Amino acid sequence: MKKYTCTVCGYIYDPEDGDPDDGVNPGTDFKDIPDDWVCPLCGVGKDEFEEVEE
Ligand SMILES: [Fe+3]
């Protein structure tokens, strides 16, 4: 389960962690995060995120 980064501000989504405050529980892979979700720091959509190929 891979991490994703917001390319506009650097936030990193960690599927272990999730984004619970926004309704994205731990263990939610990026692709299953509802498509209306936006970066918690900067507010941008998911289409500015990239998978962290480390
Ligand atoms: Fe961001």
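Throughout, read-outs are computed from the coordinates displayed, never taken from laboratory work. Every residue, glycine among them, receives a Cβ derived from its backbone with ideal geometry; neighbour counts consider all protein chains shown.
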Residues within the range 31-41 that are among the aliphatic types (A, V, I, L, M) and away from the ligand (no atom under 16 Å from the Cβ), tallied: 0
Failed item in (1) without any contact (Cβ under 8 Å) to a residue 12 or more places away in the chain; (2) surrounded by 10 or more Cβ atoms within 10 Å (Cβ to Cβ), with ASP47 passing the rest: (2)
Residues satisfying the stated conditions in the range 1-30, i.e. surrounded by 11 or more Cβ atoms within 10 Å (Cβ to Cβ) and closer than 13 Å to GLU48 by Cα: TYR4, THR5, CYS6, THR7, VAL8, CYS9, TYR11, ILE12, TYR13, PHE30
Every pair of residues 6+ apart whose Cβ atoms lie under 6 Å, when the first sits in the range 1-30 and is without any contact (Cβ under 8 Å) to a residue 60 or more places away in the chain and more than 15 Å from the ligand (Cβ to nearest atom) while the second is assigned to a loop (DSSP other than H, G, I, E, B) and acidic (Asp, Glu): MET1/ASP29; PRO15/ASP29; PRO26/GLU16; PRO26/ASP17
